[PDB]
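Chemist:
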Amino acid sequence: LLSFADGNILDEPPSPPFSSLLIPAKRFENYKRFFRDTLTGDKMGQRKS
Amino acid sequence: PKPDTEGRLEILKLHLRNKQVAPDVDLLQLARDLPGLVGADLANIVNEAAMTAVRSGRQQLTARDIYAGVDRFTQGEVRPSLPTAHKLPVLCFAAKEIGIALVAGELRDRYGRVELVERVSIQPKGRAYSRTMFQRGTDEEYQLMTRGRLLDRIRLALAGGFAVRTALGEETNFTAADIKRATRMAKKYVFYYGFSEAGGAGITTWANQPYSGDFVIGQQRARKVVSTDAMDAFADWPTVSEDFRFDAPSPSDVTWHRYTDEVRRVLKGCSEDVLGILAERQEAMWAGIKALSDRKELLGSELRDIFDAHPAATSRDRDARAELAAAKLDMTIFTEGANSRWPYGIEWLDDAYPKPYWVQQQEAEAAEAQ
Amino acid sequence: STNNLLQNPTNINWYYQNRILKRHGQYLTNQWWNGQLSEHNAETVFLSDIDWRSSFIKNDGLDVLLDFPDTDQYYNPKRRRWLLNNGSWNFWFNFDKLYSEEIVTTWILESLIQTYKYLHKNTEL
Amino acid sequence: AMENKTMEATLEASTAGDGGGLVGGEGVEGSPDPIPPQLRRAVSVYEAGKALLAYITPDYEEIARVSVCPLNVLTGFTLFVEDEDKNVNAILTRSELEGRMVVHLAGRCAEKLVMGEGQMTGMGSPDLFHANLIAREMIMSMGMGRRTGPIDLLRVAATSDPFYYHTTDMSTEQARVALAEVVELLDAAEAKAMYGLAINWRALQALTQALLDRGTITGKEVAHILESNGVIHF
Amino acid sequence: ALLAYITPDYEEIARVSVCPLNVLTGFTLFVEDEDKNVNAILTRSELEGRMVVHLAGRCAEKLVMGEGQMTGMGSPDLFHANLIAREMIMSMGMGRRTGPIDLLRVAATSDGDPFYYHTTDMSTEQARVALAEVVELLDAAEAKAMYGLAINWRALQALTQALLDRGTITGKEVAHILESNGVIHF
Amino acid sequence: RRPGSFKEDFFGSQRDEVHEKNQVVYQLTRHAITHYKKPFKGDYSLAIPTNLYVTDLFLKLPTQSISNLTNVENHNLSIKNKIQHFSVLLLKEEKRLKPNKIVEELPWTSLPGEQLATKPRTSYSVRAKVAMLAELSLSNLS
Amino acid sequence: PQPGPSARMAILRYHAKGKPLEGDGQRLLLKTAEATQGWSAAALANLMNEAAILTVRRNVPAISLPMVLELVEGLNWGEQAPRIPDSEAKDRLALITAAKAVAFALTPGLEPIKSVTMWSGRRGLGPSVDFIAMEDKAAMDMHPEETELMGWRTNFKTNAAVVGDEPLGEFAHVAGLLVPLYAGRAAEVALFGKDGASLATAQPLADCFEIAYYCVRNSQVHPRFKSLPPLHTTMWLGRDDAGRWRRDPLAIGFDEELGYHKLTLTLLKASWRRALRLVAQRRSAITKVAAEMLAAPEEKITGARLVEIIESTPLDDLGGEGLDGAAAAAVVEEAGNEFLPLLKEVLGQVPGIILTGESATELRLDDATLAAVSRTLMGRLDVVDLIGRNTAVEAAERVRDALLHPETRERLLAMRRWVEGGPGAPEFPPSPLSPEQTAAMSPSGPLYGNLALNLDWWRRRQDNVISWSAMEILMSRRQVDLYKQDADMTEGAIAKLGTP
Amino acid sequence: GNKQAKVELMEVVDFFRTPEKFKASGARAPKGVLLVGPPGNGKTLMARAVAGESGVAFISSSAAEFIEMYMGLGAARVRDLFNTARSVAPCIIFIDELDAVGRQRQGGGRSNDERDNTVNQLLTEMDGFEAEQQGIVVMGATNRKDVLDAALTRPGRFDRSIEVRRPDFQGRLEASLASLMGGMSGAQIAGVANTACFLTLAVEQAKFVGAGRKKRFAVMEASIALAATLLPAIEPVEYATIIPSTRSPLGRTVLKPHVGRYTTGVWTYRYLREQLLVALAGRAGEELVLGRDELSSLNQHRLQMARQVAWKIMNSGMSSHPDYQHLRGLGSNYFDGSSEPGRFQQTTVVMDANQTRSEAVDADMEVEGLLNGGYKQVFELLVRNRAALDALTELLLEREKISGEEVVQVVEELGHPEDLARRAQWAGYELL
């Protein structure tokens, strides 16, 4: 029952359910674009989108 | 526009224009020590001061009735007092406030940045068991946070827990809140303000700039009082505009280790200074604890008389010197001496990280070429 | 189209249409600024009633728009729990994995061996 | 009634959708109705060890009752009474925390000593996690670590996949040092618990037999049994 | 198409198109029958045959054009063969060294793929053993696909020439070409 | 159930005297360490971590440890979603809410006004999609 | 729906009645129907109306095509916007755009360049390189996916780049895109120095890495990983509700051990050296393009004029110390891009090889035979710097091992002939190392039944000691010995095969 | 004046009253005008002038007044207004604040049903089954270009996208002065004129501090101005002041902006390094003058700016790392559409594929070295120019607003010979 903050941002402020700050979600959308067009892809089996 | 300073003085004089006021009640200090309050609360404060003077069976002399009237609406209601059964709670919730006031007086000496102590209460009045009120200095002293001021604030944070530890001879949970406050203040010291020596000039590659309160949404209505928020949010300039927010890349584990080591160094230095002060003023601390247990509420004036009446015993030489000795902490600073080039005292780093280029430049251009 | 086994031997058109035609056939003339503006920081210049950006600069005339870019965002969600890379691949706390697997496989193998040894003597049945 | 309220509160947190084991005596799948003799012997040994090591620890919460399988629940229950006037609702000392760690490791140490290392059941897991929690709060939160020192490392991020409550962002070397200190505190508490249960073996066995015979027992009978069997105090 | 035709109990080829309307694509379709398998039991021979059929395209590209003339058009087929191999090793317990351990499960998404995979976090030793089994299985599938193309070289030449000449060929015409030019079923 | 450490750490916020804050911290520490398996004080409270461990232990399927893979957060998973939540039917399903998905990118020359006036902003603007997700999340919260 | 092209033609033809159109109105309607894609019927009616509302202040007797295009740009981009004021930074931006345009025109397998401009509309845009569009690909009838067809097409010429009989692979075709993106930085570094590097040429460098990462990892056409067992090292198993991807559980240390990052860095460094060579050799061409763009009526040059400048301007010497600047003289750093010298160097160690070139047995191998075997196995000859010297050496060893066997060599020559085609193609290549005696060894008659065994019986590699690293399991001992200096590991890369 | 909108307004009044040439050329009519631009530039005054020139009536109305709690009342009011317009035959219909009603008819909440009804009524009154036609022009006023409905901004209802903005040099001449008050709208210009009549002090006022904070402001701005003067590629100082504004409570030093750099985006590596120096100059001078223990929170944004410059140097492929020198940034480089058109926000994603674990430490170490070496360089520069720093501090304390010529004079009379020789070597050059 103890996290060690492995692969996330160090100081990430809370999001619209708790706060009204849209900065982490605005960065998360570009993170998802990165996860689309250089790995994973749109569908399973596609090498890059 | 809420009234303040001169307006608060005018409101207090208007509400005290028909009531006799003793000269010991500093109207200017009372106005500066009650920030953000309006006439619709100062009228109640003067009202309760008058009723407390009436119930006391005398005229409106001394500052204790005024302070009780302020406390009745800043820290609402009066809880039952601490029990006289067992010597634990009366000792803890006197030792923490005695140590905070003592460290405040000692930092008022030498440096002078720490404001004077108004009073220490240790009578539970709403949501708390003990208090230490600080005579809020004039504004424009809070519009800017200085390195020495932040160091003094970290010391004043650690003071209560280390005073409880010095009194009991034992670590308690009273250091938990002080550690929680002092770690946040030390992170602001090292990262955001850049007062430390991290990197050799104190400028780290990452800093967590605070955000605005407009993202809070909930905005719990505590109202009035205005605590150390007056020193915290006044010097900090928040973000307010998400379009122009800079957060920097998050630092790696190695540089985060170095930066948190710098934070630990700041905390260790402040903690050792506080422990040295409380070890050298044990007699004054114990006299203040006894006076607090005897008289419950106590003013900062009488505390200054007690601490002057029990000064330090010059040089403790031996036996009493063994309290100053071993009052240093055994906490580990990883990057102290030779561990500040690349391994940083880590035996596994070379088994995980494959020797960065600037590390190789440090070990080749500087080392093995001098 | 939803056939998940179509052959696309090249993806040069994706880069030509998404990184050259969309992006790098053009150039953005908003990269940086002076850093010393008339209203402290660029956020306060932006949230101002005066259009500081448009400024009459004789030193001929005109009102050339001196714009500052938005603050660039850096997302760095990298992994920071690297522990062991020489000899085995291990992150920080995976110490409860070898014992777990060497109990699971051992127990499953022992139970299967017990079942095989029971059913070996009841083949006629 | 107080024991029934506590057991009902735990049962309406450990059956909300599947449950298992904790509510024995049900006549359904993970709940044999005649609690087996080995299981009730283990529960009696666990609760006798906890009661004995709470009795011999000075300045501890005193025992009101000790019950074996309340509400047909496959664990014991010791009713501990606090002194509110002693340390209000705000004061914890290192002696109290270390004694609590010893008492919470006492049950699993007792069942390991009596039933053997391999026959220990999983009823000691919440108490083991509670002792680990006390050690973790002492090292990483209260700043009672010798090497860790006074720094705040835990930043509660429950905010309510693997269910993390605590969450820390410190470096791997500092995490290694802090968790080594937590491990050494747990080792010290376990060593003291085994030392107490070993030096009070006869009193532990008599308390186990008394719990087996009576089911439930009070504080005075616990004190009488331990003082009649020649107990050694800490 | 040749390996799908000679692989037993495989789906019937519907249409083999190589750039049908001057559009840069190529596909080999199969009839989506509602009988037979559906979801009853997946034999390891059936899964190995499917994996060989998936690797057959890149094996044919290697064996005809050379190692350096192969391109990345075989990536979805390589993905499906790798998924079949990993499923056999880590979900069905078909490996002798990993043993019957459930380290991978399939799940259906409630667009992209219609399914995802629940994964168990393995250690380095278990991951290396499972990877050794998967690599052995995939190399064996590549060898079997290469031999299946090797014993049917005249049929492969005829099918390639017919595809080059005609573009789009029905599965009935594919079967006619293979049986006329002589093919050896597995 | 009817619904503080992030406000004072990130947004400044404050507005709590350092005496009542310390009292709250001391009481929370005492409640977390002690008050476990108490008659009425530690009944169901989710502030005691051991109660949460008991619920996880008795209701969840193991725990699963940290993966040794890259481009993943801690386990074999990516980062969480930050913000949590005829022709007529075809159009309604074609543009309804678009929560997860992936936002497309406009060209640097943008699209000529008409084509920008079609293709909803949630599909290309990132800020617009995040604002819509924020508005729905706050509407569900309120 | 929105009006299409024919609907656009009909709507503009109907709404053009009552208005004077200059010259042939059919051409004007054709251009304004090609140039108004996505427009609505009311938008076309407005555009037709607004043209006739004009020609009053300007006093034009008839509506003309340049004014029609002026309103076409206006109603969807707003203000016409002013050109960039003349300055030293403007001259540098012209030089950067000229270098980018020259490297775009010199890139094989690219679409024709329509126009390179210094002056554009809108607010946040400056100089641009516009390529041909649909309305241009129509006239010169061309496949829409001609950019995808540009890889395997041979003996063609686009812009200023020619492609001969050897086609460009997917790897070389996409890796050729790095040079135009690096040319902006290379011009500033070659002409001014390190301190001349600006923020104008910083955006393409950040996409160079993702293009090269696709080239070396995702595309699966890198020559290093073609000889590997058919294992997918770049898998992600699904996306799941709430959109959380799952890495393949076996992929522990895959990217670090297979050297994807170092191979990406090798490709990027080789492309940067190629861009430096390009700016060195075409320095006068880039200066001429910049000057012609700066002295143009609309600060815009055409693609044909850019190609004419590139071909007419002679190739500058890449030597001569600084290339209008200094410290870029490093450009003389040979090249090391051809596979034939490396192959000849490798074959020289084999005794009795007797190499002639374009002319223990003697084995009188020709340059044509070596090139055919190398193109069949390795794939290409001029990508050695892009793929890495270790990859080139491993390929040379494979080509040598194939050349030592006459049957394999003749089969490779025949399949290279079939791939190249032409009148010399001897129909389908021969049997794939399975002769008629081994193919007749197992039809449905004699022997048989070995193909009926399960896949494990085809398991040709079996090791009882599984290594701690995936590179040892994947690659062979020689491959691990040649590679693994590209691996991202600390000291494991001495504990891995070929122990000293 | 009124930007270039006056030609369009002339066209509007011309085809309103005397078509002539438009009827000869075959044009029928504009039927809508959408004035886009910020308020304060006479948006309603231009329509009033158009109505006065055309000789038609004007009725003042806004879209907010149509928002009524009675359902159908706003649509009824719009219909009635257009019916009276058709009765008047002709007039000009003005709808103000269209951004409060006509915005994104997607549904949601119990406040937008009547709003959507009013937008649909406006749509069917501007277009629809031909019931008005004639010489009737409807004008709307918005502050944004395209935030309204697609049908509302469709070029059959509002087919003229006439844009007004803040006045230019000639516009401010019509309504030496325009150099001072250049960059604000006509309403603020009129307010400045009224304040000046009530009293160019009004321009300074439209565009409290004790001794210690004033000294700290003077030291910080003197250090920044001294570094900006001494560093070659940094632009010369325009002015420097320590008087806090209503939103800048630390005093500001403003440099002369570089037109070529701002237009072309050519921000060189040498300029970025010297800008990092200038950003650290305030902290360095404050530390040097007041001692380390008097380091304040005044540089909390200067440190953020210096981190921005260092990370932009790393992300722009200007670092000295061999794997990062002229090849890569920090990776990914995705873009987002900002508020105004033409403005883009850059987001960089760095995930274990664009960077290795040692490369992350290398980048952090390089940024730390850049920041700390820049601080040491600026500290040495201000140490060796201590006399000039002190003279600038006392001049700032005396005057509270100095010009760049005074800064240049103080530096050239009290500067270090090496820094002066470097300045004279790299002078004249407009530095790219």
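Residue numbers (the deposited numbering), protein chains in the order written: chain S, 2680 to 2728; chain Z, 589 to 958; chain U, 2778 to 2836, 2858 to 2923; chain V, 707 to 866, 885 to 958; chain F, 757 to 866, 883 to 958; chain R, 2096 to 2098, 2113 to 2194, 2234 to 2290; chain W, 620 to 978, 1013 to 1153; chain L, 506 to 680, 698 to 721, 736 to 743, 753 to 977.
Each residue gets a CB set at the ideal place from its N, CA and C atoms; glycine is no exception.
1. Can you find the residues in the same chain that come closer than 8 angstroms, C-beta to C-beta, to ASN844/L, ignoring five residues on each side of it along the sequence?
2. Residues in the segment 918-930 of chain L with C-beta within 9 angstroms of chain Z's C-beta atoms, listed in sequence order?
3. Any idea which residues DSSP pairs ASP881/L with across the strands?
4. Quick check: what's the CA-CA separation for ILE599/Z versus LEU630/Z?
5. Determine contact between the segment 893-901 of chain L and the segment 2698-2713 of chain S, defined as no fewer than three beta-carbon pairs at a distance below 8 angstroms.
6. Rounded to whole angstroms, what's the CA-CA distance from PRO886/L to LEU2863/U? Just pull it up for me.
7. What would DSSP say about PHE887/F, mapped onto helix, strand or coil?
8. I'd like to check one pair, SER709/Z with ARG724/Z: are the Cβ atoms closer than 7 angstroms?
9. Span of the beta strand (DSSP E) holding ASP601/L?
10. Within 8 angstroms, do at least three Cβ pairs link the segment 919-938 of chain L to the segment 866-881 of chain Z?
11. Taking the alpha carbon of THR784/V as the point to measure from, which residue in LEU803/V, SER750/V and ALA796/V has its own alpha carbon closest?
12. Is any beta-carbon of chain S found at less than 7 angstroms from that of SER877/L?
13. The alpha helix (DSSP H) that contains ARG522/L, what's its start and end?
14. Grab the span of the beta strand (DSSP E) containing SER903/L for me, first residue to last.
15. With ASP621/L as the anchor, note down where its alpha helix (DSSP H) starts and where it stops.
16. The beta strand (DSSP E) spanning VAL862/V covers which residue range?
17. Could you have a look at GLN2784/U and say whether DSSP puts it in helix, strand or coil?
18. From the DSSP output, in three-state form, read off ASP1038/W for me.
19. Pull up the distance between the alpha-carbon of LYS792/V and that of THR792/Z, whole angstroms please.
20. Among all the DSSP beta bridges, which residues are the ones paired with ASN796/Z?
21. Report the neighbours of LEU2689/S on chain V: residues whose CB is nearer than 9 angstroms to its CB, in chain order.
22. Counting contacts by CB-CB distance shorter than 7 angstroms, is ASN2892/U in contact with chain R?
23. Flag this pair as yes or no: are the beta carbons of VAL804/L and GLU783/L separated by less than 7 angstroms?
24. Within the continuous alpha helix (DSSP H) that includes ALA619/Z, where are the two ends?
Modeler: Looking at the atomic coordinates:
1. Short of 8 angstroms from the beta carbon of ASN844/L, and not among the five residues preceding or following it, lie these beta carbons of its own chain, in chain order: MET765, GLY827, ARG828 and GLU831.
2. Residues passing the 9 angstroms Cβ filter: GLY918, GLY919, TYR920, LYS921 and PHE924.
3. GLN890/L
4. 8 angstroms
5. yes
6. 14 angstroms
7. strand
8. In this structure, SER709/Z does not lie closer than 7 angstroms to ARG724/Z by Cβ.
9. It spans 597-601 - the beta strand (DSSP E) in which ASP601/L sits, taken as one unbroken run.
10. no
11. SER750/V
12. yes
13. 510-522
14. Here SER903/L belongs to no beta strand (DSSP E); instead the alpha helix (DSSP H) covers 902-929.
15. 618-631
16. DSSP places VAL862/V outside any beta strand (DSSP E), giving it a letter other than H or E.
17. strand
18. Helix.
19. Put simply, the backbone Cα of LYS792/V is about 47 angstroms away from that of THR792/Z.
20. None, per the DSSP bridge assignment.
21. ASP893
22. yes
23. no
24. 615-620
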